[PDB]
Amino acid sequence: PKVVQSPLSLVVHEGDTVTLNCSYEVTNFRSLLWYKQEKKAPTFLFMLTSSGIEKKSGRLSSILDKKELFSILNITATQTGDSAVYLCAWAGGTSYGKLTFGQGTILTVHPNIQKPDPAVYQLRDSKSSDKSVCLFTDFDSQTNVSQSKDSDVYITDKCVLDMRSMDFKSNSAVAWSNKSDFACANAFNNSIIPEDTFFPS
């Protein structure tokens, strides 16, 4: 129990701020190392060694005080690409050097859509048996998504794309099968979508 982080899971709308609290053992000890890991090798953020401290780099601040176990780790203007797990690591004796990683803080930040036009469409393959795929898009990022109903069909979860040109950031999920009896309306009844949705017929 050398290191414990709070909160365990954090979900915020875009912007605002996040304060991540890290607690460590006081005997013995050394620098706290902040890393941000998303679907890949961890990226070094902060080194707190011996410092007072009031410290900041970029949009983040690593400031730590004693306060036997603490770290501030502020944030400003949370962005959609900031979703990741945060680790304060650890350093201490004996037998240098080493790192003790906590469970990490899973952080998810939803993008802001202004004028949602949620909807469910149907699309077909290029050259095929006329197998098809249904697409749920443009809804608000808070709306959940249900897993496979009978498990013989396949449904993904919420995923957001972006365009630098048009500034549009749009969420989406897909649901599909080979069956001809498969129909979008009939398909996604598992979870209720807002009436703002679309069923072309």
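Residue positions are given as counts along the sequence shown, with the first one as 1.
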Quick check on the record: does 70 to 78 or 85 to 93 carry the larger mean Cα temperature factor?
70 to 78
Higher-B stretch (mean Cα B-factor, as the entry records it), 121 to 129 or 105 to 113:
121 to 129
Quick one: which of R30, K36, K158, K40 shows the highest Cα temperature factor in the PDB entry?
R30
Between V26, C134, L60, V145, let me know which has the highest C-alpha B-factor in the entry?
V26
Assert third(CA B-factor, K55) within chain per record equals middle
Determine, from the deposited record, the chain-internal third of the Cα B-factor for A185: lowest, middle or highest.
highest
Against its chain's modelled residues, does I193's Cα B factor rank lowest, middle or highest third?
middle
Relative to the other modelled residues of the same chain, rank the CA B-factor of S6 and answer lowest, middle or highest third.
middle
